[PDB]
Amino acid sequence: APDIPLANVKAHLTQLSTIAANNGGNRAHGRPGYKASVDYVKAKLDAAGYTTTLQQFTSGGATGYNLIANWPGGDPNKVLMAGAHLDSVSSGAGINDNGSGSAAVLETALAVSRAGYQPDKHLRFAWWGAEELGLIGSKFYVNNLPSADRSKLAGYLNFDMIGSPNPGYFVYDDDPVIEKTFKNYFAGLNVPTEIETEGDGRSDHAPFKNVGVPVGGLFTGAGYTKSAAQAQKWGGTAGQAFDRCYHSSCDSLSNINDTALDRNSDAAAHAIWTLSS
């Protein structure tokens, strides 16, 4: 797998920050900042050769969208998917929640095209709308997939909050093979990992997990407080939240830890290449 360049991921975060500032200060469902975010991600993918689909749905009286991107080729009967929600809450730009995961998945998709990668499994990437209203966009996607198509899913990898300013390195404990793939990557960097417990079923992997699709993912922490033992293994500040700007107006470009964002972007690419071979 390629090393994902941190500067390219940060450039996507800068564009999402400008989009929020030009649209009222947020990228929330039903507000202009959300569709403008979708348009930016779609344009980058279409230029790189992906087949893109916009899936529209209505929630809370307003139109939302999921953006699905398929890399042509690979086995149609074994699909590996990776995704991230693209909406924010209405209090701010949502740069760590979840510009961080959205930008890492987007740069991984661009890296597949730049590398001229031809995977054995078919690759599909998704950016979900309306996650902050209760996983509405990912539930819409799973509820509308025919059973024949659901059975072709080999795994779904989720990236939601991966650049927290006082980070921890948490790996989901769902499918064992996906979990081992991430743990082995961090082992090679000599960075310890812990099992994800703060978010539980509260992100877009839940609808997939509930229908039997293997899932996994990465998380760097939200409102919970980092312990002394955790600061000893990862640095940072014990007694402070992992993300002091969770769902706040201060979840801006300054609310990102570059080391954690780079490590988790590189781990995302490593898992995508490893599991699609």
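Quick note: we count residues from 1 along the sequence shown, nothing fancier.
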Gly199: gap in at least one third of other compared structures: yes
Segment of higher mean CA temperature factor, 74-82 or 152-160: 74-82
Tell me which of 27-35 and 234-242 has the higher mean C-alpha B-factor in the deposited entry. 234-242
Highest CA B factor of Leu67, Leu45, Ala228, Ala222, as deposited, is found at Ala228
Which of these has the highest Cα B-factor in the record: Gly129, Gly92, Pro207, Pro176? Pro176
Relative to the other modelled residues of the same chain, rank the CA B-factor of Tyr172 and answer lowest, middle or highest third. middle
Position of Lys183 among the chain's modelled residues by C-alpha B-factor, lowest, middle or highest third: highest
Relative to the other modelled residues of the same chain, rank the CA B-factor of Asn144 and answer lowest, middle or highest third. middle
Place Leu218 in the lowest, middle or highest third of its chain's C-alpha B-factors, as listed in the PDB entry. lowest
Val9: which third of its chain by C-alpha temperature factor? middle
